[PDB]
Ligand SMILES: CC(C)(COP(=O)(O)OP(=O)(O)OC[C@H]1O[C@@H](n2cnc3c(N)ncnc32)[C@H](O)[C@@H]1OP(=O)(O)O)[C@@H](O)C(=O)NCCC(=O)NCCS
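Presented as structure tokens, the chain that follows is alone, the form deposited without this ligand.
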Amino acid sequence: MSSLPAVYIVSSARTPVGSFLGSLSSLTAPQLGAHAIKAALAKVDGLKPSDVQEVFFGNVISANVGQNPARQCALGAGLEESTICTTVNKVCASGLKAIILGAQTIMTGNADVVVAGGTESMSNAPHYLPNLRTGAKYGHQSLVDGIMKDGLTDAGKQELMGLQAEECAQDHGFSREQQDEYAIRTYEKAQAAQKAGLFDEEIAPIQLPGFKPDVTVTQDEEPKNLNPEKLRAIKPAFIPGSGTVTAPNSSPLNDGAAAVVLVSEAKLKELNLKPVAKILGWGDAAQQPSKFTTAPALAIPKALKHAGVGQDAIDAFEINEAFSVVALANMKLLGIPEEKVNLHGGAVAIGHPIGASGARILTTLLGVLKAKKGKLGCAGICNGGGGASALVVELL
């Protein structure tokens, strides 16, 4: 990756993460994305939105969003109609794959300024009626939940990803109690970061105009929901009796978007821009679809090798918490101590808007590195279907 032209992150921003049918459920996925894009660009001293040439934006459940979600995000943010816009779907990894593709587009010389990230409005995912065109002459018929179908169910086995999380708990020996105490810890980290103002810089608050008083949404909705007694007492969510995965120790369904602004070396110098970070390398990997939970154990070493960095040099990791067991298993397989992982909490406590989470964890990682005075960060995120994506950054 060294022999490849440099790619700088000059800013990042994210919406608050809203709960399912909660604080941001009135906004569409492109409205969330536009908000994150516009906020990220407003931070770059010396760069105009009209300088952005190309947009890659993740989005998984695109049904009823309309033509090209990424284009709607770009135009809604005030970018020029000349902007090249592509929507990316690598399930839960879409937001990070989008940033990788944006970096590659600078590296091959086809752009000098790129916005990448992702968005998801799980609240506004529709239901589907699949057989109306040819008809169904007789019988009860099904209305398909688009979240379940296109977001949460492995296509091969037709099983929800929570069931494959159980397979992870069984394979790697994590109990209900280990997953619950992880969840409590990541909720406590998210609450502590919230209360300390450590998300204030990365979050762009959302103003909802009154139809009625206006409402400003400022903080992530989920972290405050921790109730330790209830979390430890709730029934398993996917396997009765012997199940270890619960709604409290899994990621919720959520709404949100996140964006980063990328520039080439030449553009950085031309406009005298202050870089936040440098992309050092990345890696995608995949294995058996039902073992998607531990695909980050392949992608992270691959990204570190691409970046020319040893695992021990990393100051902070973001390992996306699709489930508590996913963070536990990948820490075990890679030998990464928890005190280097999700230092401000993870998706179990913060929320998991699936198309945006890969970019959300990168935004949060940059805030962790600044707050903890770190230099090298690595973000890794698994995705339904067996994949994972990982990226290494250097704070400047």
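Throughout, we count residues from 1 along the sequence that is shown.
Below, we refer to the form deposited with this ligand bound, which is not included among the displayed structures.
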Heavy atom contact within 4.5 Å of this ligand in the bound PDB entry, the stretch among 70-78, 225-233, 100-108, 305-313: 225-233
So which of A29, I37, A359, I354 reaches within 4.5 angstroms of this ligand in the bound PDB entry, heavy atom to heavy atom? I354
Name the residue from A295, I319, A116, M161 that puts a heavy atom within 4.5 Å of this ligand in the bound PDB entry. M161
Under a 4.5 Å heavy atom criterion, is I279 part of the interface with this ligand in the bound PDB entry? no
Please tell me whether any heavy atom belonging to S251 falls inside 4.5 Å of a heavy atom of this ligand, as the geometry stands in the bound PDB entry. yes
Can you tell me whether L152 touches this ligand? I mean in the bound PDB entry, with a 4.5 angstroms heavy atom cut-off. yes
Is there a heavy atom of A247 lying 4.5 Å or less from a heavy atom of this ligand in the bound PDB entry? yes
